[PDB]
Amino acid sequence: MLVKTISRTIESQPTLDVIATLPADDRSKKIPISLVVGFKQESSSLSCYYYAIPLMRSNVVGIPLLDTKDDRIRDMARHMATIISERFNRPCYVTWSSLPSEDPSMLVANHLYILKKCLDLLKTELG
């Protein structure tokens, strides 16, 4: 199977809930990463859907596929997709999933943490 999806909670700052669709076999190529990421409780909204891809072959180009008016959400989805695409040299689709209870100021306060934890997870899961 050339792709797989995994469900992960990232713990120990808000706990994050992740669904990631990933190439099963990986160097840097054609199969996109899709990431759904949000806070976890214990229904959610798809707040933003962002796409990025390396322009050449670093230049990665990106665009909102489903935009949000909230800069705090947009920033996160943009950074996530763009940094993932750069990091792994492949296209990336990112969804930011918002708990009914979400205060997006949490994304601002934990911005760098959220990005690095997702990169870390993806590193491991791509090996």
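Residue indices: 1-based, along the sequence shown.
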I'd like to know the size of any gap between residue 42 and residue 43, counted in deposited residues with no coordinates: none, 1 to 3, 4 to 9, or 10 or more. 4 to 9
Is the mean CA B factor in the deposited entry higher across 72-80 or across 27-35? 27-35
So which stretch wins on mean C-alpha B-factor, 45-53 or 58-66? 58-66
Looking at the C-alpha B-factor of residue 15, is it in the lowest, middle or highest third of its chain? middle
Assigned third (lowest, middle, highest) for the C-alpha B factor of residue 1: highest
Is the Cα B-factor recorded for residue 101 in the lowest, middle or highest third of its chain? middle
